[PDB]
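I have placed the structure first, in the form of structure tokens, so that the comments after it can refer back to it.
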Amino acid sequence: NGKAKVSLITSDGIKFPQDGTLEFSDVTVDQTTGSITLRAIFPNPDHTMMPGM
Amino acid sequence: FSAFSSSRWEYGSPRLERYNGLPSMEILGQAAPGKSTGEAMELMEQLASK
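Below you can see the structure in the form of structure tokens.
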């Protein structure tokens with residue numbers, strides 16, 4: 239009923255310490271990925287996530 | 801893949817044959833006991849003719 243709760247499981251094979259919020263879906267079909275993208279803002283004060291993964 | 805890939809179910813044979821260079825379906829059976837070999841084979845060939 240709401241948008242949007244994203245989960246994570248990081249390369250360790252474990253889910254990130256907590257989930258994250260899916261912000262939206264930009265409907266533009268990415269030309270060379272031919273792929274929609276989802277930008278989900280996540281809290282990362284634990285200084286764990288890093289820009290890009 | 802999923803963007804340039806698209807996939808589906810369908811059939812293929814797990815195993816395949818040919819015989820002397822043609823597709824062969826081998827089939828194994830035997831003479832109904834009290835029936836001697838050729839009798840089975842006759843009915844085989846006969847059953848094949850149609």
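Note that the protein sequences, when read in sequence, are chains E and J. Each residue of the first sequence is one higher than the last, beginning at 239 in the entry's author numbering. Each residue of the second sequence is one higher than the last, beginning at 801 in the entry's author numbering. Backbone N, C-alpha and C define an ideal beta-carbon position, used for all residues, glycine too.
At the level of alpha carbons, what is the spacing between residue i and residue j?
i: residue 246 of chain E; j: residue 270 of chain E; result: 25 Å
i: residue 259 of chain E; j: residue 823 of chain J; result: 58 Å
i: residue 278 of chain E; j: residue 272 of chain E; result: 19 Å
i: residue 830 of chain J; j: residue 810 of chain J; result: 34 Å
DSSP has residue i in a bridge; who is on the other side?
i: residue 819 of chain J; result: J:822
i: residue 259 of chain E; result: E:243
i: residue 837 of chain J; result: Residue 837 of chain J is not bridged to any residue.
i: residue 248 of chain E; result: E:252
Ends of the beta strand (DSSP E) at residue i?
i: residue 273 of chain E; result: 273-275
i: residue 266 of chain E; result: 264-268
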